[PDB]
């Protein structure tokens, strides 16, 4: 039952009493430890200040305008060819392939993978992507 806010452990008491100068020793070990952490803060916050300087402007110049094309159910020969190339570059990732074409849902792409597998040798295309 120690007093609230007073800190007194068997371990801490023994460590202060162990020697005649162990008390003064323990307090400087922490004082030195504190200086070594404060200098490491000043180092990393100056390193972090340099990285912030390099990001000045963000990615606003390299930002591309948003395009929202109305998803269509019919596949043009153009769209079919974009897909086969997207399959070759991105493999089995269906979301990337949908983004490339621009007007085909992930389900339609998933359907396409089965429908045209025979005619567009999709199995061969996947093997080439894996290599």
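Numbering follows the first chain given and starts at 1.
Exercise. Can you tell me which stretch has the higher mean Cα B-factor, 23-31 or 79-87?
Worked result: Between 23-31 and 79-87, it is 23-31 that shows the higher mean C-alpha B-factor.
Problem set entry | Third of the chain, ranked by Cα B-factor, where residue 36 sits | Its C-alpha B-factor belongs to the lowest third of this chain's values.
For this session: Name the third of the chain's ranked CA B-factors that contains residue 47, choosing lowest, middle or highest.
Result: Its C-alpha B-factor belongs to the lowest third of this chain's values.
Exercise. Against its chain's modelled residues, does residue 10's Cα B factor rank lowest, middle or highest third?
Worked result: Middle third by C-alpha B-factor.
Exercise. Hey, what third does residue 71 fall into on Cα B-factor, ranked over its chain?
Worked result: Answer is highest: the recorded C-alpha B-factor places it there.
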